[PDB]
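The structure file data.cif is reproduced below (mmCIF, N, CA and C atoms).
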data_start
#
loop_
_atom_site.label_atom_id
_atom_site.label_comp_id
_atom_site.auth_asym_id
_atom_site.auth_seq_id
_atom_site.Cartn_x
_atom_site.Cartn_y
_atom_site.Cartn_z
N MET E 1 0.86 -1.23 0.00
CA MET E 1 0.00 0.00 0.00
C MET E 1 0.88 1.27 0.00
N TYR E 2 0.71 2.14 -1.01
CA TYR E 2 1.46 3.40 -1.09
C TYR E 2 0.73 4.48 -1.88
N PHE E 3 1.06 5.74 -1.59
CA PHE E 3 0.43 6.86 -2.30
C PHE E 3 1.30 7.21 -3.50
N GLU E 4 0.69 7.82 -4.51
CA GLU E 4 1.40 8.19 -5.73
C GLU E 4 0.93 9.56 -6.25
N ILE E 5 1.85 10.52 -6.32
CA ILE E 5 1.55 11.87 -6.79
C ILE E 5 2.06 12.09 -8.22
N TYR E 6 1.19 12.60 -9.09
CA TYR E 6 1.55 12.82 -10.49
C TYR E 6 0.83 14.01 -11.11
N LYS E 7 1.17 14.32 -12.36
CA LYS E 7 0.54 15.43 -13.07
C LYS E 7 -0.26 14.85 -14.24
N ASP E 8 -1.57 15.10 -14.31
CA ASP E 8 -2.35 14.53 -15.42
C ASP E 8 -2.16 15.26 -16.75
N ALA E 9 -2.94 14.87 -17.76
CA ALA E 9 -2.85 15.47 -19.10
C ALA E 9 -3.39 16.90 -19.22
N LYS E 10 -4.36 17.25 -18.37
CA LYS E 10 -4.95 18.57 -18.39
C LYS E 10 -4.01 19.62 -17.83
N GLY E 11 -3.15 19.21 -16.91
CA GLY E 11 -2.22 20.16 -16.33
C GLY E 11 -2.40 20.46 -14.85
N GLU E 12 -2.90 19.50 -14.08
CA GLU E 12 -3.10 19.68 -12.64
C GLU E 12 -2.58 18.51 -11.80
N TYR E 13 -2.19 18.78 -10.56
CA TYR E 13 -1.64 17.76 -9.67
C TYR E 13 -2.66 16.89 -8.96
N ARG E 14 -2.40 15.59 -8.91
CA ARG E 14 -3.32 14.71 -8.20
C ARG E 14 -2.69 13.49 -7.55
N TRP E 15 -3.46 12.78 -6.74
CA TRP E 15 -2.94 11.61 -6.04
C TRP E 15 -3.83 10.38 -6.20
N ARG E 16 -3.28 9.22 -5.84
CA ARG E 16 -4.00 7.94 -5.91
C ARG E 16 -3.30 6.87 -5.05
N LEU E 17 -4.07 6.09 -4.31
CA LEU E 17 -3.52 5.03 -3.45
C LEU E 17 -3.46 3.67 -4.17
N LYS E 18 -2.27 3.11 -4.29
CA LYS E 18 -2.11 1.83 -4.95
C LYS E 18 -1.90 0.69 -3.96
N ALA E 19 -2.38 -0.49 -4.32
CA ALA E 19 -2.26 -1.67 -3.47
C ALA E 19 -0.89 -2.33 -3.63
N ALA E 20 -0.74 -3.53 -3.08
CA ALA E 20 0.53 -4.25 -3.17
C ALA E 20 0.91 -4.59 -4.61
N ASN E 21 -0.10 -4.95 -5.41
CA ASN E 21 0.07 -5.33 -6.81
C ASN E 21 -0.01 -4.13 -7.76
N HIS E 22 0.27 -2.94 -7.25
CA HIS E 22 0.22 -1.73 -8.06
C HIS E 22 -1.21 -1.48 -8.57
N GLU E 23 -2.20 -1.98 -7.84
CA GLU E 23 -3.61 -1.81 -8.22
C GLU E 23 -4.20 -0.54 -7.60
N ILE E 24 -4.95 0.21 -8.40
CA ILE E 24 -5.55 1.46 -7.91
C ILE E 24 -6.69 1.20 -6.94
N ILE E 25 -6.56 1.72 -5.72
CA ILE E 25 -7.58 1.56 -4.68
C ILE E 25 -8.44 2.80 -4.49
N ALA E 26 -7.89 3.96 -4.81
CA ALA E 26 -8.64 5.20 -4.65
C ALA E 26 -8.03 6.32 -5.48
N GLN E 27 -8.89 7.17 -6.05
CA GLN E 27 -8.45 8.29 -6.87
C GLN E 27 -8.80 9.59 -6.16
N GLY E 28 -7.91 10.57 -6.29
CA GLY E 28 -8.13 11.86 -5.68
C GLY E 28 -8.63 12.89 -6.69
N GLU E 29 -8.69 14.15 -6.29
CA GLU E 29 -9.14 15.20 -7.17
C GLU E 29 -7.99 16.15 -7.47
N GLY E 30 -8.23 17.09 -8.38
CA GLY E 30 -7.20 18.03 -8.79
C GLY E 30 -6.74 19.11 -7.84
N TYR E 31 -5.60 19.69 -8.15
CA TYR E 31 -5.04 20.75 -7.34
C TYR E 31 -4.29 21.75 -8.21
N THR E 32 -4.08 22.93 -7.65
CA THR E 32 -3.39 24.01 -8.32
C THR E 32 -1.88 23.81 -8.36
N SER E 33 -1.22 23.93 -7.21
CA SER E 33 0.23 23.77 -7.13
C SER E 33 0.59 22.40 -6.57
N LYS E 34 1.84 21.95 -6.77
CA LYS E 34 2.26 20.65 -6.25
C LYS E 34 2.33 20.69 -4.73
N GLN E 35 2.57 21.89 -4.20
CA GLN E 35 2.68 22.07 -2.76
C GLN E 35 1.37 21.75 -2.08
N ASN E 36 0.28 22.31 -2.58
CA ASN E 36 -1.02 22.06 -1.97
C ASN E 36 -1.43 20.59 -2.01
N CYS E 37 -1.03 19.89 -3.06
CA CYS E 37 -1.38 18.49 -3.21
C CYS E 37 -0.67 17.65 -2.18
N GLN E 38 0.59 17.97 -1.95
CA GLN E 38 1.38 17.23 -0.99
C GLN E 38 0.87 17.43 0.44
N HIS E 39 0.38 18.62 0.73
CA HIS E 39 -0.14 18.94 2.06
C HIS E 39 -1.40 18.13 2.33
N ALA E 40 -2.26 17.98 1.32
CA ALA E 40 -3.49 17.21 1.44
C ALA E 40 -3.17 15.76 1.78
N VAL E 41 -2.19 15.18 1.09
CA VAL E 41 -1.81 13.80 1.34
C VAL E 41 -1.29 13.57 2.75
N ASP E 42 -0.50 14.51 3.26
CA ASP E 42 0.03 14.39 4.62
C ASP E 42 -1.10 14.42 5.65
N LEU E 43 -2.11 15.24 5.39
CA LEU E 43 -3.25 15.32 6.31
C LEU E 43 -4.06 14.01 6.30
N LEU E 44 -4.24 13.43 5.12
CA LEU E 44 -4.97 12.18 5.00
C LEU E 44 -4.26 11.09 5.77
N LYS E 45 -2.95 10.98 5.60
CA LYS E 45 -2.22 9.94 6.31
C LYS E 45 -2.05 10.19 7.81
N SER E 46 -2.32 11.41 8.26
CA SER E 46 -2.20 11.70 9.69
C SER E 46 -3.52 11.32 10.35
N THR E 47 -4.49 10.93 9.52
CA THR E 47 -5.82 10.50 9.96
C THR E 47 -5.76 9.14 10.65
N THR E 48 -6.46 8.99 11.76
CA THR E 48 -6.44 7.74 12.50
C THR E 48 -7.76 6.95 12.40
N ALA E 49 -7.84 5.80 13.06
CA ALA E 49 -9.07 5.00 13.03
C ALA E 49 -10.10 5.58 13.99
N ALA E 50 -9.72 6.69 14.63
CA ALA E 50 -10.60 7.40 15.55
C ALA E 50 -11.18 8.66 14.87
N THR E 51 -10.95 8.81 13.56
CA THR E 51 -11.50 9.93 12.81
C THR E 51 -12.94 9.56 12.45
N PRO E 52 -13.92 10.34 12.93
CA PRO E 52 -15.35 10.13 12.70
C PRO E 52 -15.80 10.11 11.22
N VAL E 53 -16.78 9.26 10.91
CA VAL E 53 -17.33 9.13 9.54
C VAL E 53 -18.80 9.49 9.64
N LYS E 54 -19.17 10.61 9.01
CA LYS E 54 -20.54 11.13 9.06
C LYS E 54 -21.26 11.16 7.72
N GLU E 55 -22.56 10.86 7.74
CA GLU E 55 -23.35 10.88 6.52
C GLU E 55 -24.46 11.94 6.60
N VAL E 56 -24.52 12.76 5.56
CA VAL E 56 -25.50 13.84 5.39
C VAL E 56 -26.85 13.23 4.97
N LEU E 57 -27.85 13.37 5.82
CA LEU E 57 -29.16 12.84 5.51
C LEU E 57 -30.15 13.97 5.62
N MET T 1 -11.35 17.37 12.64
CA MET T 1 -11.17 16.81 11.28
C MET T 1 -12.04 15.55 11.14
N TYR T 2 -12.88 15.49 10.12
CA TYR T 2 -13.75 14.33 9.93
C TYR T 2 -14.10 14.07 8.46
N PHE T 3 -14.53 12.85 8.15
CA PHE T 3 -14.91 12.51 6.79
C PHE T 3 -16.41 12.70 6.65
N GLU T 4 -16.85 12.99 5.43
CA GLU T 4 -18.27 13.22 5.16
C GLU T 4 -18.69 12.53 3.84
N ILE T 5 -19.66 11.62 3.93
CA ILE T 5 -20.18 10.90 2.76
C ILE T 5 -21.55 11.44 2.34
N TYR T 6 -21.68 11.78 1.06
CA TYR T 6 -22.94 12.31 0.53
C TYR T 6 -23.23 11.90 -0.93
N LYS T 7 -24.39 12.29 -1.43
CA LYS T 7 -24.79 11.97 -2.79
C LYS T 7 -24.96 13.22 -3.67
N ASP T 8 -24.48 13.19 -4.91
CA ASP T 8 -24.65 14.32 -5.84
C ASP T 8 -25.93 14.16 -6.69
N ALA T 9 -26.04 14.95 -7.76
CA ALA T 9 -27.22 14.92 -8.64
C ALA T 9 -27.24 13.75 -9.62
N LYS T 10 -26.05 13.21 -9.89
CA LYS T 10 -25.88 12.07 -10.79
C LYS T 10 -26.18 10.75 -10.09
N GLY T 11 -26.52 10.79 -8.80
CA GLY T 11 -26.81 9.56 -8.08
C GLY T 11 -25.60 8.81 -7.53
N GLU T 12 -24.41 9.37 -7.76
CA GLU T 12 -23.17 8.78 -7.29
C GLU T 12 -22.85 9.19 -5.85
N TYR T 13 -22.11 8.34 -5.15
CA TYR T 13 -21.72 8.61 -3.77
C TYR T 13 -20.29 9.11 -3.70
N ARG T 14 -20.03 10.11 -2.86
CA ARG T 14 -18.65 10.63 -2.74
C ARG T 14 -18.29 11.10 -1.33
N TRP T 15 -17.02 11.36 -1.09
CA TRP T 15 -16.61 11.78 0.24
C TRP T 15 -15.81 13.06 0.24
N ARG T 16 -15.45 13.53 1.42
CA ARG T 16 -14.62 14.72 1.52
C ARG T 16 -14.10 14.83 2.93
N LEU T 17 -12.92 15.43 3.07
CA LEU T 17 -12.32 15.62 4.39
C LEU T 17 -12.51 17.07 4.80
N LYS T 18 -13.31 17.30 5.82
CA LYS T 18 -13.54 18.65 6.30
C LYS T 18 -12.65 18.94 7.50
N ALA T 19 -12.34 20.22 7.67
CA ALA T 19 -11.50 20.69 8.78
C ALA T 19 -12.37 21.49 9.74
N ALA T 20 -11.72 22.16 10.69
CA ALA T 20 -12.41 22.97 11.68
C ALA T 20 -13.36 23.98 11.03
N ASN T 21 -12.79 25.02 10.42
CA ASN T 21 -13.60 26.06 9.78
C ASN T 21 -14.34 25.59 8.53
N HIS T 22 -14.97 24.41 8.62
CA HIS T 22 -15.71 23.83 7.49
C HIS T 22 -14.94 24.11 6.17
N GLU T 23 -13.66 23.73 6.14
CA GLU T 23 -12.81 23.90 4.96
C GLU T 23 -12.47 22.54 4.35
N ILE T 24 -12.76 22.40 3.06
CA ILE T 24 -12.51 21.14 2.37
C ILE T 24 -11.02 20.96 2.09
N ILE T 25 -10.47 19.87 2.63
CA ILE T 25 -9.05 19.51 2.50
C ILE T 25 -8.83 18.56 1.32
N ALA T 26 -9.62 17.48 1.26
CA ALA T 26 -9.49 16.48 0.20
C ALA T 26 -10.86 16.04 -0.32
N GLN T 27 -10.91 15.72 -1.61
CA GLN T 27 -12.14 15.31 -2.27
C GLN T 27 -12.10 13.89 -2.82
N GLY T 28 -13.24 13.21 -2.77
CA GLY T 28 -13.34 11.85 -3.25
C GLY T 28 -13.47 11.72 -4.75
N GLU T 29 -14.19 10.69 -5.17
CA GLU T 29 -14.40 10.41 -6.58
C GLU T 29 -15.77 9.79 -6.66
N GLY T 30 -16.36 9.74 -7.85
CA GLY T 30 -17.67 9.13 -7.97
C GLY T 30 -17.69 7.65 -7.62
N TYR T 31 -18.69 7.25 -6.83
CA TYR T 31 -18.86 5.85 -6.43
C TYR T 31 -20.29 5.36 -6.71
N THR T 32 -20.39 4.14 -7.21
CA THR T 32 -21.68 3.54 -7.58
C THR T 32 -22.38 2.78 -6.45
N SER T 33 -22.02 3.07 -5.21
CA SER T 33 -22.62 2.36 -4.07
C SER T 33 -22.14 2.91 -2.73
N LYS T 34 -23.07 3.22 -1.84
CA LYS T 34 -22.62 3.77 -0.59
C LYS T 34 -21.63 2.84 0.07
N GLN T 35 -21.76 1.55 -0.19
CA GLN T 35 -20.87 0.56 0.39
C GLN T 35 -19.44 0.73 -0.10
N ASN T 36 -19.27 0.88 -1.40
CA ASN T 36 -17.92 1.05 -1.95
C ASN T 36 -17.23 2.32 -1.47
N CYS T 37 -18.01 3.37 -1.23
CA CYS T 37 -17.47 4.64 -0.79
C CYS T 37 -16.95 4.53 0.63
N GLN T 38 -17.70 3.85 1.47
CA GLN T 38 -17.30 3.68 2.85
C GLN T 38 -16.03 2.82 2.98
N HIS T 39 -15.86 1.86 2.08
CA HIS T 39 -14.70 0.98 2.11
C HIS T 39 -13.43 1.78 1.76
N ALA T 40 -13.56 2.69 0.80
CA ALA T 40 -12.44 3.52 0.38
C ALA T 40 -11.97 4.39 1.57
N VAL T 41 -12.92 4.98 2.28
CA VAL T 41 -12.60 5.82 3.41
C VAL T 41 -11.87 5.04 4.50
N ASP T 42 -12.32 3.81 4.77
CA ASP T 42 -11.68 3.00 5.80
C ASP T 42 -10.24 2.67 5.43
N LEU T 43 -9.99 2.45 4.14
CA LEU T 43 -8.63 2.14 3.68
C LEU T 43 -7.72 3.37 3.82
N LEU T 44 -8.26 4.55 3.52
CA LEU T 44 -7.49 5.79 3.63
C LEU T 44 -7.08 6.03 5.07
N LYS T 45 -8.02 5.86 5.99
CA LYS T 45 -7.70 6.09 7.38
C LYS T 45 -6.84 5.00 8.00
N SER T 46 -6.72 3.86 7.33
CA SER T 46 -5.88 2.78 7.85
C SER T 46 -4.43 3.04 7.48
N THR T 47 -4.16 4.16 6.81
CA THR T 47 -2.78 4.46 6.46
C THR T 47 -2.18 5.31 7.57
N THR T 48 -0.86 5.20 7.73
CA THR T 48 -0.12 5.95 8.74
C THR T 48 0.99 6.76 8.08
N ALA T 49 1.69 7.59 8.85
CA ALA T 49 2.77 8.41 8.28
C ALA T 49 3.87 7.53 7.70
N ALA T 50 3.91 6.27 8.12
CA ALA T 50 4.90 5.32 7.62
C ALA T 50 4.57 4.90 6.19
N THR T 51 3.32 5.09 5.76
CA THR T 51 2.94 4.70 4.40
C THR T 51 3.72 5.51 3.36
N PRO T 52 4.45 4.82 2.48
CA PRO T 52 5.23 5.50 1.45
C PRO T 52 4.47 6.40 0.46
N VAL T 53 5.10 7.51 0.09
CA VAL T 53 4.54 8.49 -0.82
C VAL T 53 5.47 8.67 -2.01
N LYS T 54 5.13 8.12 -3.18
CA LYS T 54 5.99 8.23 -4.38
C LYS T 54 5.48 9.26 -5.41
N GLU T 55 6.21 10.35 -5.62
CA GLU T 55 5.77 11.37 -6.58
C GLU T 55 6.54 11.50 -7.89
N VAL T 56 5.83 11.41 -9.02
CA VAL T 56 6.48 11.54 -10.34
C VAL T 56 6.27 12.94 -10.88
N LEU T 57 7.15 13.40 -11.75
CA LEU T 57 6.97 14.73 -12.26
C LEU T 57 7.92 15.07 -13.41
N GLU T 58 7.46 15.96 -14.29
CA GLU T 58 8.22 16.41 -15.45
C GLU T 58 9.54 17.02 -15.02
#

Here is a file; write its structure as structure tokens.
Amino acid sequence: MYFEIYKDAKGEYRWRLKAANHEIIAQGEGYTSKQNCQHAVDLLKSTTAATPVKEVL
Amino acid sequence: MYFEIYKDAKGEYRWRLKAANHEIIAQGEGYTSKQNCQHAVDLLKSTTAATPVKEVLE
């Protein structure tokens, strides 16, 4: 399991989590600068199993 | 900091990471089932700072 940061064809930065077999497990959304994208990833990984999951009803 | 799962106009399910001042940090992707969306979130939160981050670039 590892994260992967790249630049798409349109011209924006994005991320995606790959499995052991290099299989895509989750896709992220676009960003302006590479800096902002990297900050988002660090926040996601600083997330614990105690982070609440809420649904809008 | 918390995750939020909701539905758009296309009928797809998606998530987002909100912060204190109701500020969106990260955005999900379209999902065809509330079940699949919840599984993605659990996998994301099961990652730690030890999880490797590989970045490619021009």

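DSSP on the backbone gives strand (DSSP E) for these parts of chain T: residues 2, 3, 4, 5, 6, 7, 13, 14, 15, 16, 17, 18, 24, 25, 26, 27, 53, 54 and 55 of chain T.
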
Just the number, please: distance in Å from atom CA of residue 58 of chain T to atom CA of residue 42 of chain E, one decimal. 21.8 Å

Quick one: residues within 7 Å of segment 47-49 of chain T, only N, CA and C atoms counted, chain neighbours fewer than 6 positions away excluded, as an NGL selection string? :E and (44-48)

Could you work out which residues of chain T fall inside 6.5 Å of chain E? Count all atoms listed in the file, and format the result as number ranges by chain. T: 1-6, 25-29, 40, 44-49, 51-57

Tell me which protein, DNA and RNA residues are within 8 Å of residue 34 of chain T, counting all atoms listed in the file, leaving out same-chain ones fewer than 6 positions away, and put them as a ChimeraX atom specification. /T:12-14

Find the distance between atom CA of residue 17 of chain T and atom CA of residue 21 of chain E and write it in Å to one decimal. 26.8 Å

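The coordinates place atom C of residue 8 of chain T at 20.0 Å from atom CA of residue 22 of chain T.
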
Can you report as JSON the centre and edge lengths in Å, to one decimal, of an axis-aligned box around the listed atoms of segment 12-24 of chain E padded with 3 Å on each side?
{"center_x": -2.9, "center_y": 7.2, "center_z": -8.6, "size_x": 13.6, "size_y": 31.0, "size_z": 17.0}

Mind the document's chain letters and residue numbers, and return as an MDAnalysis selection string the residues of chain E that DSSP labels alpha helix (DSSP H). chainID E and resid 34:45
